[PDB]
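Below you'll find only one chain, the form deposited in one PDB entry, shown as structure tokens.
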């Protein structure tokens, strides 16, 4: 059946407005930056040292206007970049993240140092602070602080990064009503991801991975109107076409900017195979929604993969 009306109602339920349109997100973000700013003051005061300063910038889904509401019980991710006024070559990247961990030791429950960020946990959301060295102090490149505490020297580095170039690639791929479909389809795949995978471990494809995949492979589908079901079917088929056989089947997707890492690299072999099987089933559900005569049956096939916010009309 035609299901464009139900996709659009689904999109209205799952959409979370971007930073520039979301006062709550800006305030929650600014509350953590102020906590960092004040925390650094006390951490460095008590060492009789000068506090380092930073310039923030918006990152991730609320920057790129690809944001979704979490499922009941889930958390949304506020992503921000902080560019510390340091030369990368003067500091261990782990030790810089420890500044930000120590600055936030009294903000909610406190922070943890993850491989690519310092995360602070609040009721219903977390803030991932990506920590960068200043490009002018650092020889001209923007490098992110990689590595965990007590990690070996090989497992920590200042890694070349281009979060703004990635954001600009996503923004400029399409425009107008075309770009709107592109963003709706990224949001649909994030809700699919939240519904069909556990937040647990690396099993869930990352939002940035799905977004990178859409950058490479999304194709507008429009006729008598936008056809989000057809755009998703083509896009899912194309992702499936790009799995190769190594140890077992893997989908390798480069970030289209520095550092050109495989966005799905952390997924184990078995998580990759499970990822592929769930894509196959989603593709089957997208094809069933086309072929079913009854709107009820078409929409129920989609609700099985997009979850209970996908509307299912009666009869």
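Here, rigid core means the biggest group of C-alpha atoms that superpose within 1.5 Å across both forms. Shifts are known only where both forms have a C-alpha. Residue numbers count along the first chain shown, from 1.
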item: Per the entry, higher mean C-alpha B factor between 191 to 199 and 178 to 186; value: 191 to 199
item: 266 to 274 versus 49 to 57 - which carries the larger mean C-alpha B factor in the record; value: 49 to 57
item: Given 301, 17, 295, 14, the residue at which the Cα B factor reaches its maximum; value: 295
item: Options 209, 165, 223, 81 - largest CA temperature factor per the record; value: 223
item: Entry-reported Cα temperature factor of residue 62, expressed as the chain third it lands in; value: middle
item: Entry-reported Cα temperature factor of residue 261, expressed as the chain third it lands in; value: lowest
item: Position of residue 33 among the chain's modelled residues by C-alpha B-factor, lowest, middle or highest third; value: middle
item: For residue 229, the third of its chain into which the C-alpha B factor falls; value: lowest
item: Chain thirds of CA B-factor: placement of residue 285; value: lowest
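Separately, the form solved in complex with a small molecule exists; it is not shown, and the next lines address it.
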property: All of 64, 116 and 261 within 4.5 Å of the small molecule in the entry with it bound, heavy atom check; result: yes
property: Which of 99 to 107, 224 to 232, 238 to 246, 204 to 212 sits within 4.5 Å of the small molecule in the entry with it bound, heavy atom basis; result: 204 to 212
property: The small molecule contact in the entry with it bound: residue 166, any heavy atom under 4.5 Å; result: yes
property: Residue 255 within 4.5 Å of the small molecule in the entry with it bound, heavy atoms; result: yes
property: The small molecule contact at residue 144 in the entry with it bound, heavy atom, 4.5 Å; result: yes
property: Touches the small molecule in the entry with it bound: residue 188 (any heavy atom, 4.5 Å); result: no
property: Listed residue (178, 77, 134, 92) with a non-hydrogen atom within 4.5 angstroms of the small molecule in the entry with it bound; result: 77
property: Candidate from 122, 196, 173, 148 lying within 4.5 Å of the small molecule in the entry with it bound - any heavy atom; result: 148
property: Superposed on the rigid core, segments between the shown form and the other one of at least 3 residues with Cα shifts of 2 Å or more; result: 203 to 206
